[PDB]
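One structure is given here, and the rest of the page talks about it.
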Amino acid sequence: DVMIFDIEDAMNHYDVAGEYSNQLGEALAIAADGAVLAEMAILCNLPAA
Amino acid sequence: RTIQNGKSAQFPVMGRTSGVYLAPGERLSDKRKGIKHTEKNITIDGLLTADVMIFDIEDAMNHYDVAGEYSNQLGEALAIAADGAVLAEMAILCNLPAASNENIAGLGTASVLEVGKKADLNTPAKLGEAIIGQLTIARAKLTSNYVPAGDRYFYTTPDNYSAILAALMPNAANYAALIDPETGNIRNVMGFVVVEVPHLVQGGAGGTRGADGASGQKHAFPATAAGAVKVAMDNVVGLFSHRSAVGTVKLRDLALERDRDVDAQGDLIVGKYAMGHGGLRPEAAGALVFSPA
Amino acid sequence: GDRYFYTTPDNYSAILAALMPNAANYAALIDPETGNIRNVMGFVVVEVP
Amino acid sequence: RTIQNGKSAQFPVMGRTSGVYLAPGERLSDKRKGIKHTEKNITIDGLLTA
Amino acid sequence: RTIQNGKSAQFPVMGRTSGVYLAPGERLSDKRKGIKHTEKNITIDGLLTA
Amino acid sequence: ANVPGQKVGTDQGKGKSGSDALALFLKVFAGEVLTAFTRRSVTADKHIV
């Protein structure tokens with residue numbers, strides 16, 4: 001999530017609402033990618049029994 | 001880029017990430033943070049000019065035309081200063097202080113790669129091997145920082161361009177690759193494009209002419225290597241980068257003018273422009289240097 | 001038919017340095033003008049930062 | 001090159017550059033240097049016979 | 001006055017001059033002076049509600 | 001020598017230093033925003049879903 005205030009949006013000289021929404025759906029695709037590669041190194045540390 | 005009025009310009013910068021999991025019955029506003037911002041600036045330099053003056057009796061006592069050729073040496077004397085002023089800005093992104101070596105902590109820094117001592121590398125075929133060897137380690141530093149693989153360049157002098165053509169000849173290599181022996185050309189080397197520049201360690205323009213046609217210089221290439229200085233004139237071998245690390249701002253563009261003088265019976269020709277230079281991203285730059293003696 | 005190998009961009013450039021005209025004796029498996037590697041023993045090579 | 005009459009020939013030579021910064025208030029006439037010229041000469045040797 | 005974005009505004013200031021006589025044969029650039037400049041600033045306070 | 005003229009950028013008020021010749025000009029917005037480089041996933045289509 002992200003939160004934007006109204007007074008700070010009137011003193012600014014460009015638009016920010018378009019790029020905040022691209023870093024939100026890209027941050028949720030890296031965790032699912034990095035959680036699969038950590039299930040291949042657990043299969044190698046199983047106990048001897 | 002181009003502007004209309006003012007004395008500077010601004011470039012904004014931003015970037016971060018996030019992500020946690022929420023239990024049923026909790027509020028989103030108890031585990032919230034924010035993204036960070038910063039900026040960069042580039043300033044205008046001044047006005048740059050060049051001119052000649054011609055009289056009317058010497059233009060009649062002469063047997064070949066000169067007017068049309070004097071205006072071709074006025075437009076290329078102004079395009080070489082702007083070319084040596086940019087190559088001196090790629091060597092100052094690599095001299096940043098340690099405590100301020102990147103824009104936002106976690107985005108990446110600049111790379112300085114050593115080749116070896118100068119005394120040992122004496123043969124001109126003992127140096128091209130090292131130069132080629134260090135272009136596969138500089139290829140893996142631009143990928144760890146997510147730099148796109150579409151526009152990469154390498155700049156070097158014509159003297160070190162003939163030390164890579166000597167390490168791929170039948171007396172040093174086991175099989176043929178890359179070069180062309182009948183013309184002297186090098187193709188791409190690991191995605192890079194090789195460019196040779198006769199004027200590499202020359203800076204920008206100054207304020208006064210010399211006898212040959214002597215004052216404060218702008219954008220001077222650093223001279224002597226020291227504790228806080230990594231790249232200098234007595235170390236550099238080359239520079240590599242992506243086309244997003246250096247920029248230019250234009251206020252006015254090139255133009256020519258003519259005038260007629262009646263009190264002295266002559267003619268005048270002038271040319272001028274106004275520009276500014278600077279560097280933007282520290283994480284898309286690098287250099288190759290000699291190891292300390 | 002479906003086998004994969006995962007490594008970092010650092011150990012990926014150490015295999016490119018061992019198949020060069022200064023270490024090898026004949027050409028195989030690489031492209032020197034771009035920096036790519038074809039299949040090796042039926043595997044597929046992937047670099048992950 | 002071929003000529004029709006005369007005893008010599010002439011080739012002109014020229015070339016020069018450079019530009020500087022102008023602070024507001026100064027004059028272009030106080031920082032002016034010009035482009036240079038020179039020449040080369042080739043003369044007829046004589047008559048060669050056998 | 002009214003603006004659209006920013007955190008402050010600017011107002012420039014200027015001076016005055018005077019005239020003089022010119023006899024036939026004299027130059028205008030030997031009797032020249034200048035006018036002066038300065039500036040003023042105003043800033044925004046914040047948001048006021050009820 | 002030099003030519004007398006106007007100083008539009010120098011501050012010549014009362015009790016104010018005038019050692020800077022570019023004090024009354026403004027800074028402007030360039031027109032480009034430097035956003036971070038994108039990231040991509042690699043394991044999306046190489047296992048059972």
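Residue numbering restarts at 1 for every chain of the structure tokens, chains are lettered A, B, ... in their displayed order, and ligands are numbered from 1 as they appear.
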
After a least-squares fit of chain E on chain D across every C-alpha pair in order, what's the RMSD, to one decimal? 2.2 Å

Give me, as a PyMOL selection string, the residues of chain B touching chain C, with the criterion being at most 7 Å (counting only C-alpha atoms). chain B and resi 136+140+143-144+173-175+188-191

At a cut-off of 12 Å, which residues of chain F touch chain D? Count only C-alpha atoms and give the answer as a list in words. residues 1, 2, 3, 4, 5, 6, 7, 8, 9 and 21 of chain F

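Going from CA of residue 152 (chain B) to CA of residue 241 (chain B) covers 5.9 Å.
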
Spatial neighbours of residue 11 (chain A), max dist 8 Å, only C-alpha atoms, sep filter under 5 positions, as a PyMOL selection string: chain E and resi 5-7

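Atom pair CA of residue 197 (chain B) / CA of residue 159 (chain B) has a distance of 9.9 Å (rounded to one decimal).
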